[PDB]
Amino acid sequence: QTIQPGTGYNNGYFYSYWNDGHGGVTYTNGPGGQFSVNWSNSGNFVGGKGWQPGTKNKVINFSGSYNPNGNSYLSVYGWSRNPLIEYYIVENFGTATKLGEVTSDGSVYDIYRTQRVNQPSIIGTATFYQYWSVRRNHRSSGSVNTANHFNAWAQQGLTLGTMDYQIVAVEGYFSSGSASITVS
């Protein structure tokens, strides 16, 4: 169903839908691991389905249509605790300290670390690191072996804590677009 921001479980999958209060976002949970999101001149939002908690060896399958008009991501997205880390395995996007590269699931990814200072998080306002793997060959369907990225990050000194949630997420930032994604 079309829902308001929050977290919960739908048809066997965890979901998270978050936004900054700037209107123009319609997020809808579908059957199974399916979700769809339409946004018209939104602020910042993140929504998608997956698992609570994730694992450090999950192979994540996704397929769908992803048509952003501006700043947006389509990512394997999640959190860890102790250390508090918000991480991205970016498979596609619309319109940082580089640490290395990894070749995984048919593409080279570029690995980055950023720091968020006094920003929202799963534990409230906090300062924390973000880990990124940005796919070079952009795509909106395929499989992600998360262990390839987590191990590559660790080899560069990027440590993950105990896993919190782990989803395939569509994120937008002051843009418009449409997406419909099925996770498995």
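Heads up: residue numbers just count along the shown sequence, starting at 1.
In the deposited sequence, the stretch from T95 to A96 hides 4 to 9 residues that have no coordinates. When the mean C-alpha temperature factors of 118-126 and 146-154 are read from the deposited coordinates, 118-126 comes out higher. With 15-23 and 169-177 compared on mean CA B-factor from the PDB entry, the stretch scoring higher is 15-23. The residue among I89, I85, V108, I111 whose C-alpha atom has the highest B-factor in the PDB entry is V108. The residue among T55, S42, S133, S36 whose C-alpha atom has the highest B-factor in the PDB entry is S42.
Annotation for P31: CA B-factor lies in the highest third of the chain's modelled residues.
In the PDB entry, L99 places in the highest third of its chain by CA B-factor.
In this PDB entry, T182 carries a Cα temperature factor that places it within the lowest third of its chain's modelled residues.
Annotation for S75: CA B-factor lies in the lowest third of the chain's modelled residues.
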